[PDB]
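Asker: My questions will all concern the structure given below.
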Amino acid sequence: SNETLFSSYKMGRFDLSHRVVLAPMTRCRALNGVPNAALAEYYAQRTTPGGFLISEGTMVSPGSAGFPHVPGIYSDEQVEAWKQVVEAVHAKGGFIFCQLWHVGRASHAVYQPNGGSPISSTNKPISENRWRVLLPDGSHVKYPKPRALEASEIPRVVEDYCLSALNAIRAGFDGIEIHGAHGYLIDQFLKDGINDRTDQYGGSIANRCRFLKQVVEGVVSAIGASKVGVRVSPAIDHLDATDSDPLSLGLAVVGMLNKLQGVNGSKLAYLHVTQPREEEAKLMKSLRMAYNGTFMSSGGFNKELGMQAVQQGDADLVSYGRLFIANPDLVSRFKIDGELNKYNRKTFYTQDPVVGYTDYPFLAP
Ligand SMILES: Cc1cc2nc3c(=O)[nH]c(=O)nc-3n(C[C@H](O)[C@H](O)[C@H](O)COP(=O)(O)O)c2cc1C
């Protein structure tokens, strides 16, 4: 087609000016779980008129975090502190979705109420050799043994997503994204690499999708489908989050979202899928073809790959992470094929409100 990253797009009620999306990225500047003026600056710097942004993963409940200084949206105090970020984005003409993030077993007693065990689909820990939880002192230690949720406690978790989603709207977010990716709580139910349940939430593909289904249904009922994006990564093996067949899992997720869109009358805001980064683009093309709606692809995109993803109909929208970390004006830079600042990995997850956060420079004229 003649569509590109700079073609406008209608994401339901949201009129986007372009297809470049700020991927949700944990940066750990939200000291003590509270959004602050530093996040406001950071998101404002990255906003464009009609540009879509997705927040760093945001706690839906105490115990839902597995990184230091990540924001929450479950408490009044967080809702209020988020306003400044959201106002700052809106002042600059962006839309911002709050990513509702539950890490499940990818946590530590440090991040749990009463230093209790992280919850998950399973009682099995993330394996100890490839993965670590980052603690607030900057150490990396092994993930602990989680406590499998009883089926009876799942509706309370769903309700946390709902309250958090209602809080997000309260704070002024244009909507929310369900973080159902990357081996976190939802993905711990989704993936047969993890989900060793024998009740209604495990076994079949459908059972594995049930938690995500209830989360999405719950959030969609509370705030409206058009304000809900869903993110999944069927083929990302992060935190042991494998599946014997990513394709079919992804199609089950897609199928379930197609079904919810008929059972409810409105489209979701989007399906957001991470690429692992051949066959991979076949998996992505398949999900996008299957999904009746806006498709947001993510993972390893640069401009060129983004332009072709849009041009060739592989995606409506392309989220950028690391490039957006380092390039507040990423969209402009892409538009004029200008220089790209390099990202500094070392300050991805540090705490300074400025350093490695809001101090990556805009283009010179
Ligand atoms: C520092 C960092 C933190 C991230 N945190 C999140 C997150 O909180 N939620 C999420 O869904 N994805 C998260 N991701 C994944 C990104 O949203 C995005 O999928 C990723 O950066 C891949 O695209 P890229 O090559 O453009 O960086 C994170 C990525 C980075 C680099």
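Residue names in the structure tokens use chain letters A, B, ... in the order shown, residue numbers from 1 in each chain, and ligand numbers from 1 in the order shown.
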Restrict the calculation to only C-alpha atoms and all ligand atoms, then for each residue of chain A with any atom at most 10 Å from an atom of ligand 1 give the closest atom pair and their distance in Å to one decimal, rows by chain and rising residue number, as a Markdown table.

Answerer:
```
| residue | atom | partner | partner_atom_place_in_ligand_line | distance |
| --- | --- | --- | --- | --- |
| A:21 | CA | ligand 1 | 26 (O) | 9.6 |
| A:22 | CA | ligand 1 | 17 (O) | 7.9 |
| A:23 | CA | ligand 1 | 17 (O) | 4.2 |
| A:24 | CA | ligand 1 | 17 (O) | 4.1 |
| A:25 | CA | ligand 1 | 5 (N) | 3.3 |
| A:26 | CA | ligand 1 | 5 (N) | 3.9 |
| A:27 | CA | ligand 1 | 1 (C) | 5.7 |
| A:28 | CA | ligand 1 | 1 (C) | 8.9 |
| A:54 | CA | ligand 1 | 17 (O) | 8.4 |
| A:55 | CA | ligand 1 | 8 (O) | 7.6 |
| A:56 | CA | ligand 1 | 8 (O) | 4.5 |
| A:57 | CA | ligand 1 | 8 (O) | 3.8 |
| A:58 | CA | ligand 1 | 8 (O) | 7.4 |
| A:67 | CA | ligand 1 | 8 (O) | 9.3 |
| A:70 | CA | ligand 1 | 8 (O) | 8.8 |
| A:99 | CA | ligand 1 | 9 (N) | 6.9 |
| A:100 | CA | ligand 1 | 9 (N) | 8.7 |
| A:101 | CA | ligand 1 | 9 (N) | 7.3 |
| A:102 | CA | ligand 1 | 8 (O) | 9.9 |
| A:103 | CA | ligand 1 | 8 (O) | 9.7 |
| A:177 | CA | ligand 1 | 11 (O) | 8.5 |
| A:178 | CA | ligand 1 | 11 (O) | 8.4 |
| A:179 | CA | ligand 1 | 11 (O) | 5.4 |
| A:180 | CA | ligand 1 | 11 (O) | 7.7 |
| A:181 | CA | ligand 1 | 11 (O) | 6.3 |
| A:182 | CA | ligand 1 | 11 (O) | 7.2 |
| A:184 | CA | ligand 1 | 11 (O) | 9.4 |
| A:230 | CA | ligand 1 | 11 (O) | 9.5 |
| A:231 | CA | ligand 1 | 11 (O) | 6.7 |
| A:232 | CA | ligand 1 | 11 (O) | 8.1 |
| A:233 | CA | ligand 1 | 19 (O) | 9.0 |
| A:272 | CA | ligand 1 | 11 (O) | 8.8 |
| A:273 | CA | ligand 1 | 19 (O) | 8.2 |
| A:274 | CA | ligand 1 | 19 (O) | 5.6 |
| A:275 | CA | ligand 1 | 19 (O) | 8.0 |
| A:276 | CA | ligand 1 | 22 (C) | 8.9 |
| A:277 | CA | ligand 1 | 25 (O) | 8.0 |
| A:297 | CA | ligand 1 | 19 (O) | 8.4 |
| A:298 | CA | ligand 1 | 19 (O) | 5.1 |
| A:299 | CA | ligand 1 | 23 (O) | 3.4 |
| A:300 | CA | ligand 1 | 25 (O) | 3.3 |
| A:301 | CA | ligand 1 | 26 (O) | 5.3 |
| A:302 | CA | ligand 1 | 26 (O) | 7.0 |
| A:303 | CA | ligand 1 | 26 (O) | 10.0 |
| A:318 | CA | ligand 1 | 26 (O) | 8.7 |
| A:319 | CA | ligand 1 | 26 (O) | 6.5 |
| A:320 | CA | ligand 1 | 26 (O) | 3.6 |
| A:321 | CA | ligand 1 | 21 (O) | 3.4 |
| A:322 | CA | ligand 1 | 27 (O) | 3.6 |
| A:323 | CA | ligand 1 | 26 (O) | 5.8 |
| A:324 | CA | ligand 1 | 26 (O) | 7.3 |
| A:325 | CA | ligand 1 | 31 (C) | 7.6 |
| A:343 | CA | ligand 1 | 31 (C) | 9.2 |
| A:344 | CA | ligand 1 | 1 (C) | 9.9 |
| A:345 | CA | ligand 1 | 1 (C) | 7.6 |
| A:346 | CA | ligand 1 | 1 (C) | 9.7 |
| A:347 | CA | ligand 1 | 1 (C) | 8.6 |
| A:348 | CA | ligand 1 | 1 (C) | 4.8 |
| A:349 | CA | ligand 1 | 1 (C) | 6.3 |
| A:350 | CA | ligand 1 | 1 (C) | 9.8 |
```

Asker: What's around residue 329 (chain A) at 10 Å? Count only C-alpha atoms, leave out sequence neighbours fewer than 3 positions away in its own chain, and write the answer as number ranges by chain.

Answerer: A: 45-48, 323-326, 332-335, 340, 360-363

Asker: Any chance you can output those residues with N, CA and C atoms as a compact mmCIF listing (two decimals), in the first residue's frame?

Answerer:
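Result file part-v3.txt:
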```txt
# COMPACT_ATOMS: atom_id res chain seq x y z
N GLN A 45 8.22 14.24 27.01
CA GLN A 45 9.29 14.34 26.02
C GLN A 45 9.06 13.44 24.83
N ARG A 46 8.42 12.32 25.09
CA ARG A 46 8.17 11.36 24.06
C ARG A 46 6.84 11.52 23.40
N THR A 47 6.08 12.54 23.78
CA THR A 47 4.76 12.66 23.15
C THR A 47 4.76 13.54 21.93
N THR A 48 3.93 13.12 20.99
CA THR A 48 3.65 13.85 19.80
C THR A 48 2.16 14.03 19.68
N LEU A 323 14.72 2.26 21.27
CA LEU A 323 14.94 3.49 20.52
C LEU A 323 14.19 4.65 21.13
N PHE A 324 13.08 4.38 21.79
CA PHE A 324 12.32 5.45 22.37
C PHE A 324 12.89 5.87 23.68
N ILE A 325 13.52 4.91 24.36
CA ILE A 325 14.27 5.23 25.59
C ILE A 325 15.27 6.34 25.30
N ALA A 326 16.00 6.18 24.19
CA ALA A 326 17.14 7.02 23.89
C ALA A 326 16.79 8.21 23.02
N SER A 332 9.89 12.17 15.08
CA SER A 332 10.54 13.19 14.25
C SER A 332 11.79 12.62 13.57
N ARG A 333 12.62 11.93 14.35
CA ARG A 333 13.85 11.37 13.85
C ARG A 333 13.57 10.39 12.76
N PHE A 334 12.54 9.57 12.96
CA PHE A 334 12.15 8.64 11.91
C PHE A 334 11.65 9.39 10.68
N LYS A 335 10.92 10.48 10.90
CA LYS A 335 10.25 11.21 9.82
C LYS A 335 11.26 11.82 8.87
N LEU A 340 19.95 8.72 15.28
CA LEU A 340 19.39 8.11 16.49
C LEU A 340 20.43 8.02 17.59
N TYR A 360 18.38 12.21 27.45
CA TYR A 360 18.74 11.88 26.10
C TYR A 360 18.23 13.05 25.26
N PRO A 361 19.10 13.63 24.44
CA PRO A 361 18.82 14.91 23.80
C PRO A 361 17.90 14.77 22.60
N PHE A 362 17.14 15.83 22.35
CA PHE A 362 16.36 15.96 21.14
C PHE A 362 17.33 16.26 20.01
N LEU A 363 16.89 16.09 18.76
CA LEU A 363 17.65 16.52 17.61
C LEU A 363 17.97 17.99 17.75
```

Asker: Measure the distance from CA of residue 172 (chain A) to CA of residue 96 (chain A) in Å and round it to one decimal.

Answerer: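 If I compute the distance from CA of residue 172 (chain A) to CA of residue 96 (chain A), I get 8.9 Å.
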
Asker: Identify, with DSSP run on backbone atoms, the residues in region 16-261 of chain A assigned to alpha helix (DSSP H), and express the list as JSON, numbers by chain.

Answerer: {"A": [37, 38, 39, 40, 41, 42, 43, 44, 45, 76, 77, 78, 79, 80, 81, 82, 83, 84, 85, 86, 87, 88, 89, 90, 91, 154, 155, 156, 157, 158, 159, 160, 161, 162, 163, 164, 165, 166, 167, 168, 169, 170, 171, 185, 186, 187, 188, 189, 190, 205, 206, 207, 208, 209, 210, 211, 212, 213, 214, 215, 216, 217, 218, 219, 220, 221, 222, 223, 246, 247, 248, 249, 250, 251, 252, 253, 254, 255, 256, 257, 258, 259, 260, 261]}

Asker: Between A:224, A:209, A:338, A:18, single out the one closest to residue 255 (chain A), counting only C-alpha atoms.

Answerer: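 Distance minimum relative to residue 255 (chain A) lands on A:209.
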
Asker: Do a neighbour search on residue 261 (chain A) at 10 Å with only C-alpha atoms, toss out local chain neighbours closer than 5 positions, and write the hits as a ChimeraX atom specification.

Answerer: /A:217,220,225-226,255-256,266-268,292-293

Asker: Set the distance at 10 Å and use only C-alpha atoms: which residues neighbour residue 252 (chain A) once local chain neighbours fewer than 4 positions away are removed? I'd like the list as a PDB file with N, CA, C and O atoms, in the first residue's frame.

Answerer:
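part.pdb, freshly written:
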```pdb
ATOM      1  N   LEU A 190      -1.034 -18.592  30.399  1.00  0.00           N
ATOM      2  CA  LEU A 190      -1.161 -18.847  28.982  1.00  0.00           C
ATOM      3  C   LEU A 190      -0.273 -19.978  28.506  1.00  0.00           C
ATOM      4  O   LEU A 190      -0.750 -20.811  27.723  1.00  0.00           O
ATOM      5  N   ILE A 205      -5.681 -25.382  25.700  1.00  0.00           N
ATOM      6  CA  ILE A 205      -5.344 -24.061  25.236  1.00  0.00           C
ATOM      7  C   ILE A 205      -6.369 -23.079  25.803  1.00  0.00           C
ATOM      8  O   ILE A 205      -6.004 -22.030  26.295  1.00  0.00           O
ATOM      9  N   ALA A 206      -7.638 -23.476  25.768  1.00  0.00           N
ATOM     10  CA  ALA A 206      -8.750 -22.657  26.203  1.00  0.00           C
ATOM     11  C   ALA A 206      -8.659 -22.401  27.677  1.00  0.00           C
ATOM     12  O   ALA A 206      -8.930 -21.287  28.152  1.00  0.00           O
ATOM     13  N   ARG A 208      -5.958 -22.392  29.316  1.00  0.00           N
ATOM     14  CA  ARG A 208      -4.772 -21.601  29.565  1.00  0.00           C
ATOM     15  C   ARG A 208      -5.120 -20.116  29.308  1.00  0.00           C
ATOM     16  O   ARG A 208      -4.678 -19.231  30.028  1.00  0.00           O
ATOM     17  N   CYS A 209      -6.037 -19.907  28.362  1.00  0.00           N
ATOM     18  CA  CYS A 209      -6.489 -18.587  27.982  1.00  0.00           C
ATOM     19  C   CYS A 209      -7.520 -18.059  28.900  1.00  0.00           C
ATOM     20  O   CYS A 209      -7.839 -16.895  28.824  1.00  0.00           O
ATOM     21  N   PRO A 246       3.478 -21.914  20.045  1.00  0.00           N
ATOM     22  CA  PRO A 246       3.146 -20.482  20.102  1.00  0.00           C
ATOM     23  C   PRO A 246       2.060 -20.054  19.126  1.00  0.00           C
ATOM     24  O   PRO A 246       1.237 -19.167  19.442  1.00  0.00           O
ATOM     25  N   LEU A 247       2.053 -20.666  17.936  1.00  0.00           N
ATOM     26  CA  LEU A 247       1.095 -20.260  16.905  1.00  0.00           C
ATOM     27  C   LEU A 247      -0.270 -20.468  17.373  1.00  0.00           C
ATOM     28  O   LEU A 247      -1.081 -19.594  17.250  1.00  0.00           O
ATOM     29  N   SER A 248      -0.530 -21.652  17.900  1.00  0.00           N
ATOM     30  CA  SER A 248      -1.898 -22.053  18.237  1.00  0.00           C
ATOM     31  C   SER A 248      -2.318 -21.335  19.472  1.00  0.00           C
ATOM     32  O   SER A 248      -3.489 -21.015  19.617  1.00  0.00           O
ATOM     33  N   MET A 256     -10.071 -15.743  21.028  1.00  0.00           N
ATOM     34  CA  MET A 256     -10.817 -15.355  22.218  1.00  0.00           C
ATOM     35  C   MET A 256     -11.144 -13.856  22.215  1.00  0.00           C
ATOM     36  O   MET A 256     -12.208 -13.443  22.681  1.00  0.00           O
ATOM     37  N   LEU A 257     -10.215 -13.058  21.708  1.00  0.00           N
ATOM     38  CA  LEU A 257     -10.430 -11.606  21.584  1.00  0.00           C
ATOM     39  C   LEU A 257     -11.434 -11.290  20.458  1.00  0.00           C
ATOM     40  O   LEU A 257     -12.229 -10.369  20.580  1.00  0.00           O
ATOM     41  N   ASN A 258     -11.377 -12.031  19.360  1.00  0.00           N
ATOM     42  CA  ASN A 258     -12.400 -11.893  18.323  1.00  0.00           C
ATOM     43  C   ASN A 258     -13.768 -12.172  18.901  1.00  0.00           C
ATOM     44  O   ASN A 258     -14.697 -11.389  18.701  1.00  0.00           O
ATOM     45  N   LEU A 287      -1.286 -14.094  13.203  1.00  0.00           N
ATOM     46  CA  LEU A 287      -2.093 -13.515  14.290  1.00  0.00           C
ATOM     47  C   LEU A 287      -2.779 -12.270  13.810  1.00  0.00           C
ATOM     48  O   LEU A 287      -3.935 -12.021  14.116  1.00  0.00           O
ATOM     49  N   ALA A 290      -5.613 -13.171  11.599  1.00  0.00           N
ATOM     50  CA  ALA A 290      -6.696 -13.741  12.434  1.00  0.00           C
ATOM     51  C   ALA A 290      -7.415 -12.709  13.260  1.00  0.00           C
ATOM     52  O   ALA A 290      -8.621 -12.830  13.558  1.00  0.00           O
TER      53      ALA A 290
END
```

Asker: Taking only C-alpha atoms into account, which of A:72, A:313, A:175, A:66 comes nearest residue 109 (chain A)?

Answerer: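 Answer, going by the shortest atom-to-atom distance: A:66.
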
Asker: Do you know which residues are at most 7 Å from residue 192 (chain A) counting only C-alpha atoms, after dropping those on the same chain fewer than 6 positions away, and could you put them as an mmCIF file with N, CA and C atoms, in the first residue's frame?

Answerer:
```
data_model
loop_
_atom_site.group_PDB
_atom_site.id
_atom_site.type_symbol
_atom_site.label_atom_id
_atom_site.label_comp_id
_atom_site.auth_asym_id
_atom_site.auth_seq_id
_atom_site.Cartn_x
_atom_site.Cartn_y
_atom_site.Cartn_z
ATOM 1 N N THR A 242 7.683 -20.474 27.776
ATOM 2 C CA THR A 242 7.555 -21.183 26.478
ATOM 3 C C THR A 242 6.234 -21.860 26.331
ATOM 4 N N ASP A 243 5.912 -22.159 25.089
ATOM 5 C CA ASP A 243 4.745 -22.969 24.778
ATOM 6 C C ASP A 243 5.161 -23.941 23.632
ATOM 7 N N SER A 244 4.583 -25.128 23.666
ATOM 8 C CA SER A 244 4.884 -26.182 22.720
ATOM 9 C C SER A 244 4.496 -25.730 21.326
#
```

Asker: If we count only C-alpha atoms, what is near residue 2 (chain A) at a cut-off of 9 Å, once residues fewer than 2 positions away on the same chain are taken out, given as an MDAnalysis selection string?

Answerer: chainID A and resid 4 7 311

Asker: Near region 119-123 of chain A, within 7 Å and counting only C-alpha atoms, which residues show up once chain neighbours fewer than 2 positions away are dropped, as a PDB file with N, CA, C and O atoms, in the first residue's frame?

Answerer:
```pdb
ATOM      1  N   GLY A 104       3.319 -11.853  38.665  1.00  0.00           N
ATOM      2  CA  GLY A 104       3.101 -13.196  39.140  1.00  0.00           C
ATOM      3  C   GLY A 104       4.390 -13.693  39.761  1.00  0.00           C
ATOM      4  O   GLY A 104       4.997 -13.037  40.571  1.00  0.00           O
ATOM      5  N   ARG A 105       4.866 -14.831  39.288  1.00  0.00           N
ATOM      6  CA  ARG A 105       6.004 -15.476  39.920  1.00  0.00           C
ATOM      7  C   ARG A 105       7.329 -14.781  39.686  1.00  0.00           C
ATOM      8  O   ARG A 105       8.300 -15.093  40.366  1.00  0.00           O
ATOM      9  N   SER A 117       5.095 -15.199  49.429  1.00  0.00           N
ATOM     10  CA  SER A 117       5.470 -15.812  48.181  1.00  0.00           C
ATOM     11  C   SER A 117       4.689 -15.125  47.063  1.00  0.00           C
ATOM     12  O   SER A 117       3.464 -14.917  47.186  1.00  0.00           O
ATOM     13  N   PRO A 125       8.986 -22.398  40.435  1.00  0.00           N
ATOM     14  CA  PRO A 125       9.732 -21.156  40.193  1.00  0.00           C
ATOM     15  C   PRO A 125      10.302 -21.036  38.782  1.00  0.00           C
ATOM     16  O   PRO A 125      10.530 -22.029  38.072  1.00  0.00           O
ATOM     17  N   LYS A 145      10.176 -19.698  44.676  1.00  0.00           N
ATOM     18  CA  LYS A 145       9.060 -20.611  44.541  1.00  0.00           C
ATOM     19  C   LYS A 145       7.804 -19.808  44.804  1.00  0.00           C
ATOM     20  O   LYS A 145       7.660 -19.219  45.864  1.00  0.00           O
ATOM     21  N   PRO A 146       6.925 -19.739  43.808  1.00  0.00           N
ATOM     22  CA  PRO A 146       5.642 -19.083  43.954  1.00  0.00           C
ATOM     23  C   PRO A 146       4.599 -20.001  44.565  1.00  0.00           C
ATOM     24  O   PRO A 146       4.806 -21.187  44.616  1.00  0.00           O
ATOM     25  N   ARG A 147       3.485 -19.415  44.985  1.00  0.00           N
ATOM     26  CA  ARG A 147       2.294 -20.087  45.409  1.00  0.00           C
ATOM     27  C   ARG A 147       1.293 -20.021  44.276  1.00  0.00           C
ATOM     28  O   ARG A 147       0.886 -18.940  43.843  1.00  0.00           O
ATOM     29  N   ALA A 148       0.949 -21.181  43.750  1.00  0.00           N
ATOM     30  CA  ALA A 148      -0.122 -21.310  42.794  1.00  0.00           C
ATOM     31  C   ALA A 148      -1.365 -20.719  43.400  1.00  0.00           C
ATOM     32  O   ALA A 148      -1.674 -20.984  44.562  1.00  0.00           O
ATOM     33  N   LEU A 149      -2.064 -19.927  42.607  1.00  0.00           N
ATOM     34  CA  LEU A 149      -3.334 -19.386  42.999  1.00  0.00           C
ATOM     35  C   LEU A 149      -4.388 -20.487  43.063  1.00  0.00           C
ATOM     36  O   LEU A 149      -4.449 -21.331  42.205  1.00  0.00           O
ATOM     37  N   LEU A 185       2.314 -12.756  34.956  1.00  0.00           N
ATOM     38  CA  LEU A 185       1.236 -13.547  35.542  1.00  0.00           C
ATOM     39  C   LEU A 185       0.325 -14.196  34.511  1.00  0.00           C
ATOM     40  O   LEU A 185       0.127 -15.412  34.513  1.00  0.00           O
ATOM     41  N   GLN A 188       2.043 -16.748  32.563  1.00  0.00           N
ATOM     42  CA  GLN A 188       2.165 -17.943  33.399  1.00  0.00           C
ATOM     43  C   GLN A 188       0.930 -18.828  33.336  1.00  0.00           C
ATOM     44  O   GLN A 188       1.043 -20.020  33.569  1.00  0.00           O
ATOM     45  N   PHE A 189      -0.238 -18.258  33.022  1.00  0.00           N
ATOM     46  CA  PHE A 189      -1.411 -19.077  32.747  1.00  0.00           C
ATOM     47  C   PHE A 189      -1.438 -19.488  31.310  1.00  0.00           C
ATOM     48  O   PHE A 189      -1.807 -20.607  31.023  1.00  0.00           O
ATOM     49  N   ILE A 194       4.723 -23.300  31.600  1.00  0.00           N
ATOM     50  CA  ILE A 194       4.584 -22.852  32.986  1.00  0.00           C
ATOM     51  C   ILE A 194       3.370 -23.417  33.648  1.00  0.00           C
ATOM     52  O   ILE A 194       3.412 -23.797  34.810  1.00  0.00           O
ATOM     53  N   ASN A 195       2.269 -23.435  32.914  1.00  0.00           N
ATOM     54  CA  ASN A 195       0.973 -23.664  33.488  1.00  0.00           C
ATOM     55  C   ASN A 195       0.742 -25.168  33.583  1.00  0.00           C
ATOM     56  O   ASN A 195       0.361 -25.820  32.601  1.00  0.00           O
ATOM     57  N   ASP A 196       0.985 -25.695  34.776  1.00  0.00           N
ATOM     58  CA  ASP A 196       0.836 -27.137  35.058  1.00  0.00           C
ATOM     59  C   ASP A 196      -0.425 -27.343  35.873  1.00  0.00           C
ATOM     60  O   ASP A 196      -0.550 -28.304  36.636  1.00  0.00           O
ATOM     61  N   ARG A 197      -1.389 -26.460  35.701  1.00  0.00           N
ATOM     62  CA  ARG A 197      -2.667 -26.658  36.363  1.00  0.00           C
ATOM     63  C   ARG A 197      -3.445 -27.810  35.764  1.00  0.00           C
ATOM     64  O   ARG A 197      -3.316 -28.098  34.588  1.00  0.00           O
TER      65      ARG A 197
END
```
